[PDB]
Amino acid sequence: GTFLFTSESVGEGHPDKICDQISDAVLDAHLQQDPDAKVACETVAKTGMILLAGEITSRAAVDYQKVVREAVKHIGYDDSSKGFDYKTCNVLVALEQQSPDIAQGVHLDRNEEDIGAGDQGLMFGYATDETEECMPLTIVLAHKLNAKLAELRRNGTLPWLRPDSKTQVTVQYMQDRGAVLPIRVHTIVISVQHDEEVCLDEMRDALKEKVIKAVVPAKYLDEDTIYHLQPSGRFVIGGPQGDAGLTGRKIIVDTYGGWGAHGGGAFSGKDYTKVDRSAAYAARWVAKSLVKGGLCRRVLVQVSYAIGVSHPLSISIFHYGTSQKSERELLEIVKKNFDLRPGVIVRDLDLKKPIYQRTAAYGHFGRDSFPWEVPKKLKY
């Protein structure tokens, strides 16, 4: 009756995540000055280069050089010995205004509540009662392993660590009437960039004793757990020098780690009129509200939009058999309690606030009591 499930996470210095963080630093910089900025900022990172490309229409005056370099500094790439340095990297900017054809179809001369979706697309929300934060254990543990690496890098106790890391956690689960119950950790992978001097045995010992044991409860680890620690054997070249990064290439790390579903839309670098972000956050809010409200133990929500149209085209609820109410009944409860127009979501979730860089590593969900993590009390 048991099964395995695997999820991964990446660290703040993983090149794709660098791009997500930069794109959201750019968004935040615009929103600090112009809450109605229209932002669609993609970032590319390769050896020695950050390129910004996309579309921004805003009243803000933003120093892209400074914003980009400060984000890279925070991540920890501050010297050529680490493969990348915020002080001496190339920052190239290929930003244009938002297409006027998009603007006229989406938001020009529209009442805010009746703004159209900024694009077509589909989005999902998911929640599971297997953890208090209503997230899958696999992805929670994978994120926490990367956060622990960053902590031990920044506090100087593992000074050989560099910012680029990846983790992967496989958990053995039991099924319980559509809900899932974690039993044990089956396999853990950790790969992290390191300095030229530290040897493999020192790193593997530290990753087990100072990282895994500081994160994963001992009850989940046993003599059969498989550890793949620095499995490549050498990871000195890293960051953008080891692998090109792009915004929106970690969309499963950003969400549910393979659980539930994904509609394909990236989050970072986008203002609220891009329903890829706002409606995914709202769908998480719905799903978590259903689970915390006791209506389900596990639930997947789909919503979809057409460009220029305010109301969603479709809403669907899938409860995995974990409710006494039918999926139709839950859908009616959702429709009576939520208004998923983007110009309403923006108000309910406060999506003009410049908090987005904080979302761009360690997952957008399950953390810090962001507005989409605070369940709505449902009337039914």
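Residue numbers here begin at 1 and follow the sequence given.
Taking the PDB entry as given, 215-223 carries the higher mean Cα B factor of the two stretches 215-223 and 296-304.
Looking at mean Cα B-factors across 22-30 and 315-323, the upper value is held by 315-323. Based on the entry's C-alpha B-factors, the most elevated value among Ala127, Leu207, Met174, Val140 belongs to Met174. Per the PDB record, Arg347 has a higher Cα B-factor than any other of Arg69, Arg341, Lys38, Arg347. Compared with the other modelled residues of the chain, the Cα B-factor recorded for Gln97 ranks in the highest third.
Split the chain's modelled residues into thirds by C-alpha temperature factor. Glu151 is in the middle one.
Sort the modelled residues of the chain by CA B factor and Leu4 lands in the lowest third.
In this PDB entry, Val291 carries a Cα temperature factor that places it within the middle third of its chain's modelled residues. The PDB entry assigns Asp114 a C-alpha temperature factor belonging to the highest third of its chain's modelled residues.
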